[PDB]
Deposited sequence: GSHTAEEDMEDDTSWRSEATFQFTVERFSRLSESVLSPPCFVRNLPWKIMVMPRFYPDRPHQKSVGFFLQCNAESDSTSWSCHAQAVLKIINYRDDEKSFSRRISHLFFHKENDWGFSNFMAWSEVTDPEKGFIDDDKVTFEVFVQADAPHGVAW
């Protein structure tokens, strides 16, 4: 259910080589909050990969601490998938967390590396979140 304390979800970005603005994945509910993958080009140059939590809510009282593994799937060999871990207290003023320079853009879009296929790149997030505060009283 949506009250699950953890989950793994993915978001495949299409026409990746042409990405110019930030893209957001549909929500994946964990601890009954909407979590989303955020991808954006940073400085061509590098891939911005962030995890966002409850960004739409106009509430300023919520907070949820979570740890997560951010991974860019390598379709040819999952052991080659690249991932970084994060730990962060999400709240309205810091509703997303990740790396502006998660991977070199030239590496991810290199057709010989196994991360891109038909100009599509798959991102994955494994998030483990504690019970939230200031949401369900």
| item | value |
| --- | --- |
| Where the deposited sequence has no C-alpha coordinates (positions from 1, in order) | 1-12, 56-61 |
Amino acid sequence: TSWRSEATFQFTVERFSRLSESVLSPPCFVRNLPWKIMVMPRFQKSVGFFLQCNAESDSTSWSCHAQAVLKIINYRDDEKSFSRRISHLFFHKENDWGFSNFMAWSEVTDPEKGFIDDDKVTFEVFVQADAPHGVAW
From here on, numbers count along this sequence of modelled residues.
{"item": "Higher-scoring stretch by recorded Cα B factor average, 81-89 or 28-36", "value": "81-89"}
{"item": "Stretch with the greater mean C-alpha B-factor as recorded in the entry, comparing 110-118 against 123-131", "value": "110-118"}
{"item": "Cα B factor band for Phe43 (lowest, middle or highest third within the chain)", "value": "highest"}
{"item": "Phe99 - Cα temperature factor, lowest/middle/highest third of chain", "value": "middle"}
{"item": "Ranked C-alpha temperature factor of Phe49 among modelled chain residues, by third", "value": "lowest"}
{"item": "Entry-reported Cα temperature factor of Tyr75, expressed as the chain third it lands in", "value": "highest"}
{"item": "B-factor third for the C-alpha atom of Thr12 within its chain", "value": "lowest"}
